[PDB]
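# Survey of secondary and tertiary structure
Chain by chain, the residues run as shown.
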Amino acid sequence: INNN
Amino acid sequence: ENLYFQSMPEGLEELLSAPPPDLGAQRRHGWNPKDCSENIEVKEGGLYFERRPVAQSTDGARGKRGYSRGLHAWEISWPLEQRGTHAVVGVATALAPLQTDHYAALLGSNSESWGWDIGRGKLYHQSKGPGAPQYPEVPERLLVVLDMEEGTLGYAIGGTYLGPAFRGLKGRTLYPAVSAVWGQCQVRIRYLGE
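Residues numbered from 1 in each chain as written, not as in the entry; some residues may be left out. Chains lettered and ligands numbered in written order. Heavy atoms only, no water. Residues with missing side-chain atoms left out of burial classes, pairs and counts.

Method of determination for the deposited model, per the PDB record: X-ray crystallography, at 1.59 Å resolution.

Once that is clear, we can look at the interface of chain B and chain A. With 12 residues of chain B in contact, the opposing surface of chain A contributes 4 residues. Taken over both partners, the interface formed by chain B and chain A buries close to 560 Å², and the fraction arising from carbon and sulfur atoms is 46%. Area buried by chain B at its contact with chain A is led by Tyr103, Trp182 and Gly183 of chain B, which between them contribute 56% of it. Put simply, chain B and chain A have 8 residue pairs in polar contact between them. Its residues placed into classes, the side of chain B that touches chain A shows 6 nonpolar, 4 polar and 2 charged. (Contact = heavy atoms within 4.5 Å. Buried area = accessible area lost by both parts, 1.4 Å probe. Polar contact = N/O pair within 3.5 Å; in protein donor to acceptor, adjacent residues only side chain to side chain. Nonpolar A, V, L, I, M, F, W, Y, C, P; charged D, E, K, R; others polar.)

Two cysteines whose sulfur atoms are joined by a covalent bond form what is called a disulfide. All names here are of chain B. Scanning the entire structure with this criterion turns up 0 disulfides over all chains. Here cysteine 36 is not disulfide-linked; the sulfur of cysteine 185 is the nearest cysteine sulfur, at 12 Å. Accessibility expressed as a relative area gives 0% for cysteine 185, which makes it buried. (Disulfide = S-S within 2.5 Å. Buried < 20%, exposed > 50% of the residue type's maximum accessible area, 1.4 Å probe, protein only.)

Turning our attention to unusual backbone geometry. Residues and elements named next belong to chain B. Residue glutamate 194 follows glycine 193 across a cis peptide bond; omega there is 0°. With respect to the helices and strands, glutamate 194 occurs in the segment after strand 14 (186-193). Phi at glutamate 44 is positive, roughly 50°, even though this residue is not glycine. Although it is not a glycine, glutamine 184 adopts a positive phi angle of roughly 70°. Within the element layout of this structure, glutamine 184 appears in the loop between strand 13 (175-180) and strand 14. (Helix = DSSP H or I, 4+ residues; strand = E, 2+ residues; numbered from the N terminus.)

If you want it as structure tokens, here you go:
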């Protein structure tokens, strides 16, 4: 999540 | 509206109407490449930073200049799609930690930092989240207003000051700061004076  | 306006720091209208500080001034008061998370890269000599994609980390940065007196305001520009789960804007002393091993509202999670969660609208100071009070949707740009003569931190959106968010800041040296969790987020800082 969170583009990680 | 009358309540918020009557709370404005002295000199704010003239600071905001003045010809804005040039790029050199914006870079001198911008993000510090020598004072940020190891997962953050400061770009354009301080105008913005980019957080690298790193899983299960919250990462912050401080501005190069710490303020102990006078009025200081800066615009933060943070794309709506790059905020993720915890996007916090505010200030920190030089002692606040700028990295943690999980997604959190790192800025404001201790006694060395003060933050506004721009996603949830909550204020953090010595807070892990439960009980954090609400403070006045945050668009891409917001103004951060640090009044070190009265010792307050407040914000403005769309040209309207929303009142003091935190008080009792006199006697400290405070730096612009944010904590971020989003891979590849680009957070800009535009110092406006004094």
